[PDB]
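Trainee: Quick one, what's the 3D model for this:
(2 chains, ligands or ions: 5)
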Amino acid sequence: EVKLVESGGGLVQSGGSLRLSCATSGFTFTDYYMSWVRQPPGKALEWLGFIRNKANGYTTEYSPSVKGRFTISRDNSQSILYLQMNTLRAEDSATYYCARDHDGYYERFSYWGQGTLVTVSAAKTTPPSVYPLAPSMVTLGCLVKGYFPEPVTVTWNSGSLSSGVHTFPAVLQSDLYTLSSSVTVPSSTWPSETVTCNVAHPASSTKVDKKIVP
Amino acid sequence: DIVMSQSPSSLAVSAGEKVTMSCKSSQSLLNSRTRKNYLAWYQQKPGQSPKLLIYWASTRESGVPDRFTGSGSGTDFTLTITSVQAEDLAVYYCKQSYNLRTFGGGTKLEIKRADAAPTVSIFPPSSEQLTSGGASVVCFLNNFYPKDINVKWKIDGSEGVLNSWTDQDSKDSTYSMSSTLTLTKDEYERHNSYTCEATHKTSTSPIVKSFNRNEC
Ligand SMILES: C=CCO[C@]1(C(=O)O)C[C@@H](O)[C@@H](O)[C@@H]([C@H](O)CO[C@]2(C(=O)O)C=CC[C@@H]([C@H](O)CO)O2)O1
Ligand SMILES: [Mg+2]
Ligand SMILES: [Mg+2]
Ligand SMILES: [Zn+2]
Ligand SMILES: [Zn+2]
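Mentor: Residues are numbered from 1 along each chain as shown, chains lettered A, B, ... in the order given. Ligands and ions are numbered 1, 2, ... in the order given. Pasting the structure now:
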């Protein structure tokens, strides 16, 4: 099973540097070119560069938008891809993806990681306050208020409640994000059974369970 | 350089209809060596990573539904989706790999569905927030169509608000929207009735949900 998993994103100040990694498995790493592609929130994919396979000397190429400022490297022992980012600016704020690229035969990016979010800002890290939203069917929620930077993750009953869930996209107001999540279940099931929102904010290492109590 | 352009920017289609979208390159992507067009299509569902659909212009990746067909050659390419499904809600990107790689700007495919009234829920501030001197009142307008909707807040009968719409639902093609009114505790405590009123084209009657502080 092919896996790519980026790590290393989060908050960095303007002018600072940041290094992302992309752990891979399930395929002969050295047979493959690997690319990095970024995506600013709500915007298009942008190809950033690639590092070639063994057959091609593991040489690198870059979009002119980043050449001279970003560097791609690879660990061929451990099948890890790296992106070094220097002199970061506001416009570097984005989700970064690693993608498996050319093998000498196929023109395609077959697999893509989940992405890692980089924020370029002078704002401090602020953890969220998490509040319960309690009033045939019943709709409950959690309010995840006043945090920075993105992202947060919200699950319900450690992920066992997945249907009838949506999370409302975060809105930035006076330098902090707020979002909320809804969950709808049968009223015969709550409060008789437990409903809990699980909230994480990686930048502050915040982990919160909030039971919704009637 | 190689400039990739896509059209339309966005469109909406009803389940079961055909979707057509276009991708242009500033120069030919037909590689003379292999006689193939180095042009690939990717689908990006809301909050997901891009996923390969088609490459070499017309080669459908294994595991990708028959309803997706890529076509064209040289400077002009088309992605066709027949019998579109609800789950096909996504931004679709083309990408050249003839000289390094470059993505087009994407085409946002939305799904048209029958009009649906929202389900509205109002939530009073939690005691754990109130302890701290703030009071957020929250209203969910859940699972409605089309996207446009109006929310009004009334406090003791008369009209710090954050609104957020979800992406379209990949299963029922509805939208939801949250409205949050944030007050100080001192201000919250001066008034009794808190009301959010949703006006949607599904009814000439606003959907009104309310609570009174004395009833808490
Ligand atoms: C292995 C060489 C080139 O592959 C790339 C590259 O720049 O590394 C990557 C591919 O995705 C593709 O863009 C090719 C580009 O098509 C040039 O490849 C050919 C060609 O198609 O003409 C193929 C073989 C040899 C090569 C050059 O003639 C000498 O390296 O051209 O580039
Ligand atoms: Mg050079
Ligand atoms: Mg007043
Ligand atoms: Zn070179
Ligand atoms: Zn009053």
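Trainee: okay, CA-based contacts and neighbour counts for the rest of this
Mentor: Noted.
Trainee: Now do the SS call for residue B:91.
Mentor: strand (DSSP: H, G, I helix; E, B strand; the rest coil).
Trainee: What parts of chain B come near chain A?
Mentor: B:38-40, B:48-52, B:55-56, B:97, B:100-106, B:121-126, B:128-129, B:138, B:140, B:162-166, B:176-178 (Cα under 8 Å from any Cα of the partner chain).
Trainee: The chain - how does it break down into domains?
Mentor: Since no chain was named, I'll use chain A. A:1-122, A:123-214 (curated CATH domains).
Trainee: looking at chain B here, not the other one
Mentor: B:1-113, B:114-213.
Trainee: could you say which helix or strand contains the residue in chain B that ligand 1 sits nearest to?
Mentor: Residue of chain B nearest ligand 1, by Cα to the nearest ligand atom: residue B:98 (4.3 Å). Taking DSSP states H and E as the definition, residue B:98 sits outside all helices and strands.
Trainee: is it true that residue A:210 touches residue A:133?
Mentor: No. With contacts counted by Cα atoms under 8 Å, residue A:210 stays clear of residue A:133, the gap being 10.0 Å.
Trainee: Which one of those two is surrounded by more residues?
Mentor: Comparing residue A:210 with residue A:133 by other Cα atoms under 10 Å in any protein chain shown, the one with more neighbours is residue A:133, at 27 against 16.
Trainee: residues touching that one, list them.
Mentor: Residue A:133 makes contact with A:140, A:141, A:142, A:143, A:212, B:123, B:124, B:125, B:126, B:138, according to Cα atoms under 8 Å, 6 or more residues apart in numbering or on different chains.
Trainee: From ligand 1, how far off is it?
Mentor: 51 Å (Cα to the nearest ligand atom, to the nearest Å).
Trainee: hey, what's residue A:197 bridged with?
Mentor: Counting by DSSP bridges, residue A:197 is bridged to residue A:156, residue A:210.
Trainee: Residue B:4 now?
Mentor: Where residue B:4 sits in a bridge, its partners, by DSSP bridges, are residue B:25.
Trainee: so who does it touch?
Mentor: Going by Cα under 8 Å, 6+ apart, residue B:4 touches B:23, B:24, B:25, B:26, B:94, B:95, B:96, B:102, B:103, B:104, B:105.
Trainee: Can you select the buried ones among those residues for me in ChimeraX?
Mentor: In ChimeraX, this line selects whichever of the contacts of residue B:4 come out buried by 16 or more other Cα atoms under 10 Å in any protein chain shown:
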select /B:23,24,25,94,95,96,102,103,104,105
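Trainee: quick revisit: can you say which of the residues of chain B next to chain A are buried?
Mentor: B:38-40, B:49-52, B:55-56, B:97, B:101-106, B:121-126, B:129, B:138, B:140, B:162-166, B:176-178.
Trainee: Just give me the residue closest to the centre of chain B.
Mentor: The centre of chain B sits closest to residue B:167, judged by Cα atoms, centre = their mean, with a distance of 2.9 Å.
Trainee: Packing partners of the helix or strand hosting residue B:164?
Mentor: For residue B:164, the element it lies in under DSSP H and E is strand B:161-165. Counting by 3 or more Cα pairs under 8 Å, 6 or more residues apart in numbering or on different chains; DSSP states H and E, the packing neighbours recorded for strand B:161-165 are strand A:165-173, strand B:175-184.
Trainee: how distant is it from the center of its chain?
Mentor: Offset of strand B:161-165 from its chain centre (Cα atoms, centre = their mean, to the nearest Å): 15 Å.
Trainee: what are the pairing partners of that strand, and which direction each?
Mentor: Strand B:161-165 has these strand partners (DSSP bridges): strand B:175-184 (antiparallel).
Trainee: Measure how the partner strand sits relative to strand A:165-173, angle-wise.
Mentor: Strand B:175-184 and strand A:165-173 are oriented at 50 degrees to each other (axes from the mean of the first three to the mean of the last three Cα atoms, to 10 degrees).
Trainee: Buried ones in strand B:175-184, by neighbour count?
Mentor: B:175, B:176, B:177, B:178, B:179, B:180, B:181, B:182, B:183.
Trainee: In contact with the fourth one, which residues?
Mentor: Residues near residue B:178 by Cα under 8 Å, 6+ apart: A:168, A:180, B:138, B:139, B:140, B:141, B:162, B:163, B:164, B:165.
Trainee: The same query, at a cut-off of 10 Å, please.
Mentor: A:167-169, A:179-182, B:120-121, B:138-142, B:151, B:162-166 (Cα atoms under 10 Å, 6 or more residues apart in numbering or on different chains).
Trainee: how far does stretch A:75-91 stretch from start to finish?
Mentor: 28 Å (Cα to Cα, to the nearest Å).
Trainee: residues near residue B:1, how many?
Mentor: Residue B:1 has 8 nearby residues by other Cα under 10 Å.
Trainee: Sorry, slip of the keys, the one I care about is residue B:201.
Mentor: 15.
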